[PDB]
>>> print(open('upload_20.cif').read())   # mmCIF, C-alpha atoms and all ligand atoms
data_target
loop_
_atom_site.group_PDB
_atom_site.id
_atom_site.type_symbol
_atom_site.label_atom_id
_atom_site.label_comp_id
_atom_site.auth_asym_id
_atom_site.auth_seq_id
_atom_site.Cartn_x
_atom_site.Cartn_y
_atom_site.Cartn_z
ATOM 1 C CA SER A 285 15.261 -25.979 -9.007
ATOM 2 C CA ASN A 286 13.835 -23.753 -6.310
ATOM 3 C CA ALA A 287 14.836 -20.126 -6.882
ATOM 4 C CA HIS A 288 14.881 -17.580 -4.054
ATOM 5 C CA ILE A 289 13.264 -14.570 -5.680
ATOM 6 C CA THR A 290 13.449 -10.998 -4.427
ATOM 7 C CA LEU A 291 11.889 -7.886 -5.971
ATOM 8 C CA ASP A 292 13.912 -5.350 -7.939
ATOM 9 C CA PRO A 293 13.179 -1.858 -6.487
ATOM 10 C CA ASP A 294 14.501 -0.199 -9.663
ATOM 11 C CA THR A 295 11.688 -1.720 -11.792
ATOM 12 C CA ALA A 296 8.761 -1.057 -9.407
ATOM 13 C CA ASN A 297 6.080 1.365 -10.596
ATOM 14 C CA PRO A 298 5.450 4.338 -8.239
ATOM 15 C CA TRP A 299 2.067 2.930 -7.197
ATOM 16 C CA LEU A 300 3.703 -0.070 -5.499
ATOM 17 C CA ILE A 301 4.757 -0.666 -1.926
ATOM 18 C CA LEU A 302 7.533 -3.278 -1.539
ATOM 19 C CA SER A 303 8.289 -4.874 1.819
ATOM 20 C CA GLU A 304 11.721 -4.286 3.349
ATOM 21 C CA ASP A 305 12.609 -7.961 2.785
ATOM 22 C CA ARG A 306 11.886 -7.539 -0.969
ATOM 23 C CA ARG A 307 9.544 -10.546 -0.735
ATOM 24 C CA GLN A 308 6.141 -8.801 -0.666
ATOM 25 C CA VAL A 309 4.338 -6.147 -2.703
ATOM 26 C CA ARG A 310 0.955 -4.419 -2.534
ATOM 27 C CA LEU A 311 -0.861 -1.788 -4.588
ATOM 28 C CA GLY A 312 -0.795 1.600 -2.864
ATOM 29 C CA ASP A 313 -3.216 4.432 -2.141
ATOM 30 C CA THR A 314 -1.284 6.933 -4.291
ATOM 31 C CA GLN A 315 1.970 7.163 -6.236
ATOM 32 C CA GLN A 316 5.260 7.513 -4.390
ATOM 33 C CA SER A 317 8.034 9.881 -5.352
ATOM 34 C CA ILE A 318 11.069 8.107 -6.796
ATOM 35 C CA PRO A 319 13.263 8.508 -9.917
ATOM 36 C CA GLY A 320 12.390 7.714 -13.519
ATOM 37 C CA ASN A 321 15.326 5.456 -14.313
ATOM 38 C CA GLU A 322 14.868 3.645 -17.611
ATOM 39 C CA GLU A 323 14.289 0.280 -15.916
ATOM 40 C CA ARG A 324 11.163 1.453 -14.115
ATOM 41 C CA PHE A 325 7.633 0.649 -15.305
ATOM 42 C CA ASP A 326 5.952 4.048 -15.745
ATOM 43 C CA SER A 327 2.455 3.100 -17.014
ATOM 44 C CA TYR A 328 1.188 0.098 -14.977
ATOM 45 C CA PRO A 329 1.695 -1.298 -11.405
ATOM 46 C CA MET A 330 4.365 -3.864 -12.317
ATOM 47 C CA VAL A 331 7.723 -4.971 -10.869
ATOM 48 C CA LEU A 332 10.351 -7.605 -11.776
ATOM 49 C CA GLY A 333 12.358 -10.005 -9.669
ATOM 50 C CA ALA A 334 16.051 -9.163 -9.272
ATOM 51 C CA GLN A 335 17.090 -12.588 -10.538
ATOM 52 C CA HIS A 336 17.902 -12.853 -14.246
ATOM 53 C CA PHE A 337 17.710 -16.338 -15.831
ATOM 54 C CA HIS A 338 19.880 -17.088 -18.872
ATOM 55 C CA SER A 339 19.435 -20.861 -18.718
ATOM 56 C CA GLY A 340 18.350 -23.746 -16.506
ATOM 57 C CA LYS A 341 15.254 -24.560 -14.465
ATOM 58 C CA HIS A 342 13.736 -22.291 -11.841
ATOM 59 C CA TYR A 343 10.683 -22.638 -9.643
ATOM 60 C CA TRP A 344 8.982 -20.291 -7.210
ATOM 61 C CA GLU A 345 5.687 -19.810 -5.374
ATOM 62 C CA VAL A 346 3.435 -16.765 -4.881
ATOM 63 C CA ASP A 347 0.713 -16.408 -2.236
ATOM 64 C CA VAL A 348 -2.297 -14.625 -3.751
ATOM 65 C CA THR A 349 -4.847 -15.313 -0.943
ATOM 66 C CA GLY A 350 -7.737 -12.830 -0.825
ATOM 67 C CA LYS A 351 -6.716 -10.868 -3.899
ATOM 68 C CA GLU A 352 -9.316 -9.923 -6.522
ATOM 69 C CA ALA A 353 -6.749 -9.274 -9.254
ATOM 70 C CA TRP A 354 -3.066 -9.907 -9.996
ATOM 71 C CA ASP A 355 -0.667 -11.009 -12.755
ATOM 72 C CA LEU A 356 2.256 -13.431 -12.537
ATOM 73 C CA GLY A 357 4.873 -15.038 -14.731
ATOM 74 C CA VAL A 358 8.076 -14.295 -16.562
ATOM 75 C CA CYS A 359 9.261 -11.791 -19.172
ATOM 76 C CA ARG A 360 12.176 -10.897 -21.386
ATOM 77 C CA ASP A 361 14.513 -8.490 -19.653
ATOM 78 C CA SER A 362 14.461 -6.584 -22.948
ATOM 79 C CA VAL A 363 10.725 -5.601 -22.684
ATOM 80 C CA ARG A 364 10.028 -1.854 -22.847
ATOM 81 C CA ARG A 365 9.363 -0.311 -19.426
ATOM 82 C CA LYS A 366 8.106 3.020 -20.767
ATOM 83 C CA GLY A 367 4.495 3.223 -21.849
ATOM 84 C CA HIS A 368 1.598 1.013 -22.834
ATOM 85 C CA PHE A 369 1.640 -2.655 -23.748
ATOM 86 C CA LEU A 370 -0.383 -5.829 -23.407
ATOM 87 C CA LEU A 371 0.826 -8.868 -21.513
ATOM 88 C CA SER A 372 1.170 -11.164 -24.536
ATOM 89 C CA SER A 373 3.368 -14.156 -25.540
ATOM 90 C CA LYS A 374 3.875 -12.152 -28.783
ATOM 91 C CA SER A 375 5.383 -9.271 -26.827
ATOM 92 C CA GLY A 376 7.841 -10.836 -24.361
ATOM 93 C CA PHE A 377 5.515 -11.981 -21.558
ATOM 94 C CA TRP A 378 4.470 -15.383 -20.288
ATOM 95 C CA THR A 379 1.817 -14.577 -17.731
ATOM 96 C CA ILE A 380 -1.359 -15.658 -16.149
ATOM 97 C CA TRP A 381 -3.713 -13.360 -14.285
ATOM 98 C CA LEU A 382 -6.833 -12.956 -12.228
ATOM 99 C CA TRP A 383 -9.110 -10.166 -13.427
ATOM 100 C CA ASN A 384 -12.292 -8.949 -11.754
ATOM 101 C CA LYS A 385 -12.049 -11.518 -8.915
ATOM 102 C CA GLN A 386 -13.636 -14.234 -11.137
ATOM 103 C CA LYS A 387 -11.856 -14.437 -14.526
ATOM 104 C CA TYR A 388 -8.543 -16.336 -14.764
ATOM 105 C CA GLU A 389 -6.787 -16.025 -18.130
ATOM 106 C CA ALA A 390 -3.400 -16.752 -19.717
ATOM 107 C CA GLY A 391 -1.440 -14.196 -21.699
ATOM 108 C CA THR A 392 -1.799 -15.590 -25.208
ATOM 109 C CA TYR A 393 -2.767 -13.215 -27.969
ATOM 110 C CA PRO A 394 -5.619 -13.139 -27.655
ATOM 111 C CA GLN A 395 -5.659 -14.471 -24.145
ATOM 112 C CA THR A 396 -6.966 -17.870 -23.152
ATOM 113 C CA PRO A 397 -9.738 -18.364 -20.558
ATOM 114 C CA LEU A 398 -8.951 -20.745 -17.710
ATOM 115 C CA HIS A 399 -11.602 -22.662 -15.834
ATOM 116 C CA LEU A 400 -10.173 -23.533 -12.432
ATOM 117 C CA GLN A 401 -11.972 -26.009 -10.173
ATOM 118 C CA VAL A 402 -10.166 -24.845 -7.026
ATOM 119 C CA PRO A 403 -9.372 -21.097 -7.083
ATOM 120 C CA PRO A 404 -5.656 -20.853 -6.167
ATOM 121 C CA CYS A 405 -4.564 -19.379 -2.864
ATOM 122 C CA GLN A 406 -1.042 -20.106 -4.127
ATOM 123 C CA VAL A 407 0.635 -20.394 -7.532
ATOM 124 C CA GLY A 408 3.846 -22.082 -8.726
ATOM 125 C CA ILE A 409 5.857 -20.786 -11.686
ATOM 126 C CA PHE A 410 8.241 -23.210 -13.378
ATOM 127 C CA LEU A 411 10.671 -21.890 -15.975
ATOM 128 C CA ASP A 412 12.507 -24.363 -18.196
ATOM 129 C CA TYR A 413 14.759 -22.165 -20.288
ATOM 130 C CA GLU A 414 16.071 -24.866 -22.643
ATOM 131 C CA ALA A 415 12.686 -26.541 -23.146
ATOM 132 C CA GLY A 416 11.180 -23.100 -23.863
ATOM 133 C CA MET A 417 8.393 -23.576 -21.297
ATOM 134 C CA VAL A 418 6.799 -21.542 -18.507
ATOM 135 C CA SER A 419 4.285 -23.544 -16.496
ATOM 136 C CA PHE A 420 1.804 -22.426 -13.846
ATOM 137 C CA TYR A 421 0.689 -24.797 -11.093
ATOM 138 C CA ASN A 422 -2.238 -24.565 -8.707
ATOM 139 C CA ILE A 423 -0.678 -25.369 -5.293
ATOM 140 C CA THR A 424 -4.054 -25.227 -3.481
ATOM 141 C CA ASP A 425 -5.169 -28.069 -5.789
ATOM 142 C CA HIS A 426 -2.142 -30.273 -5.197
ATOM 143 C CA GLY A 427 -0.073 -28.957 -8.134
ATOM 144 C CA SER A 428 -2.574 -29.286 -10.994
ATOM 145 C CA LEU A 429 -1.373 -27.524 -14.125
ATOM 146 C CA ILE A 430 -3.033 -24.143 -14.535
ATOM 147 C CA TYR A 431 -1.431 -23.479 -17.932
ATOM 148 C CA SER A 432 1.733 -23.944 -19.909
ATOM 149 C CA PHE A 433 3.438 -21.950 -22.560
ATOM 150 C CA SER A 434 5.696 -24.021 -24.777
ATOM 151 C CA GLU A 435 7.794 -23.243 -27.837
ATOM 152 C CA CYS A 436 8.706 -19.916 -26.209
ATOM 153 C CA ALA A 437 11.751 -18.829 -28.218
ATOM 154 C CA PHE A 438 13.839 -17.564 -25.335
ATOM 155 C CA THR A 439 16.516 -15.181 -26.438
ATOM 156 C CA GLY A 440 18.580 -13.448 -23.754
ATOM 157 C CA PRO A 441 17.743 -13.400 -20.006
ATOM 158 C CA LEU A 442 14.334 -13.542 -18.346
ATOM 159 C CA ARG A 443 12.952 -12.096 -15.118
ATOM 160 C CA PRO A 444 10.207 -13.010 -12.683
ATOM 161 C CA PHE A 445 7.174 -10.743 -13.284
ATOM 162 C CA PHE A 446 4.555 -9.490 -10.810
ATOM 163 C CA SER A 447 1.632 -7.043 -10.490
ATOM 164 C CA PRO A 448 -0.675 -6.995 -7.429
ATOM 165 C CA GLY A 449 -3.519 -5.135 -9.157
ATOM 166 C CA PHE A 450 -4.325 -2.235 -11.523
ATOM 167 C CA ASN A 451 -6.441 0.271 -9.537
ATOM 168 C CA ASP A 452 -6.891 0.510 -5.765
ATOM 169 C CA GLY A 453 -10.547 1.337 -6.567
ATOM 170 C CA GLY A 454 -11.549 -1.941 -4.865
ATOM 171 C CA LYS A 455 -9.645 -3.327 -1.849
ATOM 172 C CA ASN A 456 -6.588 -4.796 -3.578
ATOM 173 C CA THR A 457 -4.541 -3.752 -0.527
ATOM 174 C CA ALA A 458 -3.386 -7.336 0.144
ATOM 175 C CA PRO A 459 0.074 -8.231 -1.166
ATOM 176 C CA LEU A 460 1.642 -10.778 -3.448
ATOM 177 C CA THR A 461 3.941 -12.720 -1.136
ATOM 178 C CA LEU A 462 6.824 -14.973 -2.235
ATOM 179 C CA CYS A 463 6.559 -18.198 -0.243
ATOM 180 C CA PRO A 464 9.398 -19.981 1.550
ATOM 181 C CA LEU A 465 10.415 -22.865 -0.746
HETATM 182 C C1 LIG B 1 -8.606 -8.796 -18.712
HETATM 183 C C2 LIG B 1 -8.212 -7.356 -18.711
HETATM 184 O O1 LIG B 1 -7.119 -7.151 -19.629
HETATM 185 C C3 LIG B 1 -6.639 -5.866 -19.685
HETATM 186 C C4 LIG B 1 -7.185 -4.838 -18.931
HETATM 187 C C5 LIG B 1 -6.701 -3.567 -19.063
HETATM 188 CL CL1 LIG B 1 -7.452 -2.328 -18.108
HETATM 189 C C6 LIG B 1 -5.638 -3.268 -19.901
HETATM 190 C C7 LIG B 1 -5.060 -4.288 -20.627
HETATM 191 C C8 LIG B 1 -5.575 -5.574 -20.546
HETATM 192 N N1 LIG B 1 -4.989 -6.643 -21.322
HETATM 193 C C9 LIG B 1 -3.762 -7.200 -20.978
HETATM 194 C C10 LIG B 1 -3.059 -6.654 -19.758
HETATM 195 N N2 LIG B 1 -3.906 -6.781 -18.570
HETATM 196 C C11 LIG B 1 -4.289 -8.175 -18.387
HETATM 197 C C12 LIG B 1 -5.092 -8.404 -17.094
HETATM 198 N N3 LIG B 1 -4.365 -7.960 -15.907
HETATM 199 C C13 LIG B 1 -4.036 -6.545 -16.086
HETATM 200 C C14 LIG B 1 -3.220 -6.305 -17.374
HETATM 201 N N4 LIG B 1 -3.209 -8.163 -21.638
HETATM 202 C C15 LIG B 1 -3.870 -8.664 -22.764
HETATM 203 C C16 LIG B 1 -3.279 -9.713 -23.506
HETATM 204 C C17 LIG B 1 -3.897 -10.210 -24.621
HETATM 205 C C18 LIG B 1 -5.124 -9.683 -25.011
HETATM 206 F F1 LIG B 1 -5.753 -10.197 -26.111
HETATM 207 C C19 LIG B 1 -5.733 -8.682 -24.335
HETATM 208 C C20 LIG B 1 -5.119 -8.142 -23.188
HETATM 209 C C21 LIG B 1 -5.753 -7.082 -22.418
HETATM 210 O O2 LIG B 1 -6.820 -6.547 -22.681
#
>>> encode(input="upload_20.cif", output="structure tokens")
Amino acid sequence: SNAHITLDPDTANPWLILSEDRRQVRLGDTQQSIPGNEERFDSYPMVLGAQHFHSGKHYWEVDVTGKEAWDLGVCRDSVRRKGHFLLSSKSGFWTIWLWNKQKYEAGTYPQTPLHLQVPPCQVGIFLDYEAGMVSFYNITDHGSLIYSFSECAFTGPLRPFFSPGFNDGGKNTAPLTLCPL
């Protein structure tokens, strides 16, 4: 089931610029000044979707065209927001990412290298709560499976997870965009 995802402003790390529609996010040129509510990611440029999922099946698409790094997927709502962590299946995160413009990996511990034929301009996330799966699909390549976590022992609600980059050092100015449908 198609989910209409929007970004939660309360989770967004200071370094992030959300669109006004809540459907787009880019890494910014310096921190912004906002509060330090407990829901906000202090240590890395991450933000959640507003939707919580307690059950059922949910699909959404993210445009990543041009970007040299990024991280997508799903996480426990109960993940710590304050401080340092890895994006690991062991630690409440079901993610894939592009690092360094060339290296796709999936957030196993330790992570798993992905060899993609067609580099994705667009990525699908499919959450099946009851199955205990999070699946990533390469839309550019007609929906080929990028990677799938299974036997995820979902307890409590989950959130869509996003990060458009780690350091604006490069030109990671382009946004993650949530696609219509
Ligand atoms: C590929 C780069 O990975 C990282 C880079 C930095 Cl600067 C900080 C943390 C990580 N990272 C991370 C988090 N980063 C992943 C890549 N995108 C940025 C966040 N997750 C991991 C999960 C499992 C594992 F075995 C290792 C890692 C890991 O090293």
>>> closest_residue(input="upload_20.cif", among="A:320, A:441, A:449, A:376", to="ligand LIG 1 (chain B)", atoms="only C-alpha atoms and all ligand atoms")
A:449
>>> residues_near_point(input="upload_20.cif", point="(15.0, -6.2, -10.3)", cutoff="12 Å", atoms="all atoms listed in the file", output="PyMOL selection string")
chain A and resi 289-297+302+306-307+323-325+330-337+359+361+442-446
>>> closest_atom_pairs(input="upload_20.cif", of="chain A", to="ligand LIG 1 (chain B)", cutoff="10 Å", atoms="all atoms listed in the file", output="JSON lines")
{"residue": "A:328", "atom": "CA", "partner": "B:LIG1", "partner_atom": "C14", "distance": 8.1}
{"residue": "A:329", "atom": "CA", "partner": "B:LIG1", "partner_atom": "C13", "distance": 9.1}
{"residue": "A:330", "atom": "CA", "partner": "B:LIG1", "partner_atom": "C14", "distance": 9.4}
{"residue": "A:353", "atom": "CA", "partner": "B:LIG1", "partner_atom": "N3", "distance": 7.2}
{"residue": "A:354", "atom": "CA", "partner": "B:LIG1", "partner_atom": "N3", "distance": 6.4}
{"residue": "A:355", "atom": "CA", "partner": "B:LIG1", "partner_atom": "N3", "distance": 5.7}
{"residue": "A:356", "atom": "CA", "partner": "B:LIG1", "partner_atom": "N3", "distance": 9.2}
{"residue": "A:368", "atom": "CA", "partner": "B:LIG1", "partner_atom": "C7", "distance": 8.8}
{"residue": "A:369", "atom": "CA", "partner": "B:LIG1", "partner_atom": "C10", "distance": 7.3}
{"residue": "A:370", "atom": "CA", "partner": "B:LIG1", "partner_atom": "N4", "distance": 4.1}
{"residue": "A:371", "atom": "CA", "partner": "B:LIG1", "partner_atom": "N4", "distance": 4.1}
{"residue": "A:372", "atom": "CA", "partner": "B:LIG1", "partner_atom": "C16", "distance": 4.8}
{"residue": "A:373", "atom": "CA", "partner": "B:LIG1", "partner_atom": "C16", "distance": 8.2}
{"residue": "A:374", "atom": "CA", "partner": "B:LIG1", "partner_atom": "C17", "distance": 9.0}
{"residue": "A:375", "atom": "CA", "partner": "B:LIG1", "partner_atom": "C16", "distance": 9.3}
{"residue": "A:377", "atom": "CA", "partner": "B:LIG1", "partner_atom": "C16", "distance": 9.3}
{"residue": "A:379", "atom": "CA", "partner": "B:LIG1", "partner_atom": "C11", "distance": 8.9}
{"residue": "A:380", "atom": "CA", "partner": "B:LIG1", "partner_atom": "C12", "distance": 8.2}
{"residue": "A:381", "atom": "CA", "partner": "B:LIG1", "partner_atom": "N3", "distance": 5.7}
{"residue": "A:382", "atom": "CA", "partner": "B:LIG1", "partner_atom": "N3", "distance": 6.7}
{"residue": "A:383", "atom": "CA", "partner": "B:LIG1", "partner_atom": "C1", "distance": 5.5}
{"residue": "A:384", "atom": "CA", "partner": "B:LIG1", "partner_atom": "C1", "distance": 7.9}
{"residue": "A:387", "atom": "CA", "partner": "B:LIG1", "partner_atom": "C1", "distance": 7.7}
{"residue": "A:388", "atom": "CA", "partner": "B:LIG1", "partner_atom": "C1", "distance": 8.5}
{"residue": "A:389", "atom": "CA", "partner": "B:LIG1", "partner_atom": "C1", "distance": 7.5}
{"residue": "A:390", "atom": "CA", "partner": "B:LIG1", "partner_atom": "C16", "distance": 8.0}
{"residue": "A:391", "atom": "CA", "partner": "B:LIG1", "partner_atom": "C16", "distance": 5.2}
{"residue": "A:392", "atom": "CA", "partner": "B:LIG1", "partner_atom": "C17", "distance": 5.8}
{"residue": "A:393", "atom": "CA", "partner": "B:LIG1", "partner_atom": "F1", "distance": 4.6}
{"residue": "A:394", "atom": "CA", "partner": "B:LIG1", "partner_atom": "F1", "distance": 3.3}
{"residue": "A:395", "atom": "CA", "partner": "B:LIG1", "partner_atom": "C17", "distance": 4.6}
{"residue": "A:396", "atom": "CA", "partner": "B:LIG1", "partner_atom": "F1", "distance": 8.3}
{"residue": "A:397", "atom": "CA", "partner": "B:LIG1", "partner_atom": "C1", "distance": 9.8}
{"residue": "A:447", "atom": "CA", "partner": "B:LIG1", "partner_atom": "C13", "distance": 8.0}
{"residue": "A:448", "atom": "CA", "partner": "B:LIG1", "partner_atom": "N3", "distance": 9.3}
{"residue": "A:449", "atom": "CA", "partner": "B:LIG1", "partner_atom": "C13", "distance": 7.1}
{"residue": "A:450", "atom": "CA", "partner": "B:LIG1", "partner_atom": "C13", "distance": 6.3}
{"residue": "A:451", "atom": "CA", "partner": "B:LIG1", "partner_atom": "CL1", "distance": 9.0}
>>> atom_distance(input="upload_20.cif", atom1="CA of residue 322 (chain A)", atom2="CA of residue 357 (chain A)")
21.4 Å
>>> atom_distance(input="upload_20.cif", atom1="CA of residue 459 (chain A)", atom2="CA of residue 385 (chain A)")
14.8 Å
>>> closest_residue(input="upload_20.cif", among="A:463, A:398, A:348, A:363", to="residue 432 (chain A)", atoms="only C-alpha atoms")
A:398
>>> atom_distance(input="upload_20.cif", atom1="CA of residue 425 (chain A)", atom2="CA of residue 399 (chain A)")
13.1 Å
>>> resolve_selection(input="upload_20.cif", expression="the PyMOL selection byres (((chain A and resi 349) around 8) and not hetatm)", output="number ranges by chain")
A: 347-348, 350-351, 404-406
>>> closest_residue(input="upload_20.cif", among="A:462, A:407, A:311, A:415", to="residue 427 (chain A)", atoms="only C-alpha atoms")
A:407
>>> closest_residue(input="upload_20.cif", among="A:310, A:360, A:341, A:288", to="residue 438 (chain A)", atoms="all atoms listed in the file")
A:360
>>> closest_residue(input="upload_20.cif", among="A:312, A:457, A:344, A:367", to="residue 420 (chain A)", atoms="only C-alpha atoms")
A:344
>>> resolve_selection(input="upload_20.cif", expression="the PyMOL selection byres (((chain A and resi 316) around 7) and not hetatm)", output="PyMOL selection string")
chain A and resi 298-299+314-315+317-318
>>> closest_residue(input="upload_20.cif", among="A:358, A:346, A:460, A:300", to="residue 422 (chain A)", atoms="all atoms listed in the file")
A:346
